[PDB]
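Notes for the structure review
Now for the letters of each chain:
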Amino acid sequence: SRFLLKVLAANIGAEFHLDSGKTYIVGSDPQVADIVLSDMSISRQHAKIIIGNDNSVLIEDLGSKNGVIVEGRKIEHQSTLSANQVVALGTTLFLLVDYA
């Protein structure tokens, strides 16, 4: 199955295929991040998204200033991220879609 990260709102519209078995860093600094979002409230490197080889996703906070919020809850280090779940980084919103 095929995951994509879509930015909802900031850098609205952006969509990126996140490969199975790969890790992607989301942040504001293009020298350290793979998905670069220009919003001041996003850490240089903020969150890491790990796509396991078996249709599972993990998200991780990289010592971000403002934290990583999934569906209203601030994750305490690293958690499961499911298709269709809103993630908030600073004032930026995104989610994963899955084409199964």
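Residues numbered from 1 in each chain as written, not as in the entry; some residues may be left out. Heavy atoms only, no water. Residues with missing side-chain atoms left out of burial classes, pairs and counts.

The record names X-ray crystallography as the way this model was obtained, at a resolution of 2.20 Å.

**A short note on the environment of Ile 75**
Summarising the element assignment, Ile 75 is placed in the loop between β8 (73-74) and β9 (78-80). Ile 75 gets classed as buried once you look at its relative accessible area, which sits at 10%. Ignoring sequence-local partners within four residues, the contact set of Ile 75 consists of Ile 59, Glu 60, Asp 61, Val 68 and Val 70. (Helix = DSSP H or I, 4+ residues; strand = E, 2+ residues; numbered from the N terminus. Buried < 20%, exposed > 50% of the residue type's maximum accessible area, 1.4 Å probe, protein only. Contact = heavy atoms within 4.5 Å.)

**Quick word on the environment of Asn 53**
Within the fold, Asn 53 resides in the loop between β5 (47-51) and β6 (57-61). Here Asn 53 falls in the exposed class, since its relative accessible area comes to 69%. The sequence separation of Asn 53 and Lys 22 amounts to 31 residues, and the corresponding C-alpha distance is 8.3 Å.

**Side note on the pairing of strand β1 (residues 2-7)**
The pairing of β1 with strand β11 (residues 92-99) spans six bridges and is antiparallel. Residue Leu 4 lies in a different strand from β11, and its bridge partner there is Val 97. Here β1 pairs with strand β2 (residues 15-18) via four bridges, running antiparallel. Paired with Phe 3 across the two strands is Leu 18, which belongs to β2. (Pairing = 2+ DSSP bridges.)

**Some points on the pairing of strand β3 (residues 23-27)**
Within β3, four of the five residues are buried, which leaves the element mostly enclosed by the surrounding structure. Relative to β5, β3 runs antiparallel, the two sharing four bridges. Bridge pairing in β5 links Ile 25 to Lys 48. Where β3 lies against strand β4 (residues 35-36), two bridges are found, and the strand directions are parallel.

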